[PDB]
């Protein structure tokens, strides 16, 4: 079975066709591309090796970022895994690997990586799900030159949760991308600046990862699965020295579905022994990490499995950090959006199986680095319908047709709003400058 992650549907890429994407080339400057992956192997992908990062087609261990980004752009349509913005093996993809597991390992600069994308890869679009705090005139000038020469530059705004400028996103020649969740709410971690230009799906984004390094979750009732609704395995963290480290619980639990009613700030769980405990999330991640509250309420009651669903404040699908100070959550627990949680209410009392599985080939990630490929993927897709238009013209089309989010007009949190592939295409259909 193949799943279409919510982000793919929201940007409106599933309704268009990438049949002409062969006239475009998108270059991914990131941590490499796992070409051995079934959902990425058969893409029209090439790359340019660098002495400091080995093979572009071999990310290495625990260096799956670029593969996740690539999957959002072009995971192959094939009845397995997922699908990217351009899933039909048409778009040309060029890979420049600047990151090793240890960090930046490129023998040269970001400018050099972009040069490679353009000169070696023939890139029309350069997507950069990366950022640094520093800025320079030489870099600003080099990127402006590429942009004026017709290369569309897109990058992540950053996940520091403040107003700091991340570069290259914050240069005028680059589109700074913000992250929003499935309810179109601004992601708490998404940096807000006057450079933020457009938004893309960035919370709980399912995509391809280096084979065997992923993790998935599932909820089954009556022989049917809620996987396609979006089931996130709790990103559990437990104490490790002076900080916290990952401590995922990968197992399955089966039992009658029972809900722990939330009254104010108290929980009415009752006896959850031998039961799958459904509970509404109390609070939300931001200044703190409250996931443990609703989760532990269930555990303390004796729950075998736990399902936390979004509250009205942030009804979208959340993939929060489950900070477990006392390592109390030793059972499988997952997170689902509000709609799914309410639907599960009708199934109370029925046998339910909740499961978290490791060693997978896909995984949910959060980040402006996840929103970025949605934007660059769509930019490439839309541009393929009108390759005669310039990068600046396509950029304008995306901004002019984005769906306004948050406060009316452009804002620092979401820019012009959610990218809209269909509307952007219709815009260029009139002319390279719109109607």
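Positions refer to the first chain, counted from 1.
As listed in the deposited structure, the average C-alpha B-factor of 319-327 and of 262-270 is greater for 262-270.
As listed in the deposited structure, the average C-alpha B-factor of 60-68 and of 391-399 is greater for 391-399. Highest C-alpha temperature factor among 195, 137, 116, 350, as the PDB entry reports it: 350. You'll see in the entry that, of 91, 313, 153, 110, the Cα B factor peaks at 313. In the deposited entry, the Cα temperature factor of residue 234 places it in the middle third of its chain's modelled residues.
In this PDB entry, residue 203 carries a Cα temperature factor that places it within the lowest third of its chain's modelled residues. In the PDB entry, a CA B factor belonging to the middle third of its chain's modelled residues is recorded for residue 48. Sort the chain's modelled residues by C-alpha temperature factor and residue 365 lands in the lowest third, per the entry. Per the PDB record, residue ranking by Cα B-factor puts residue 23 in the middle third of the chain.
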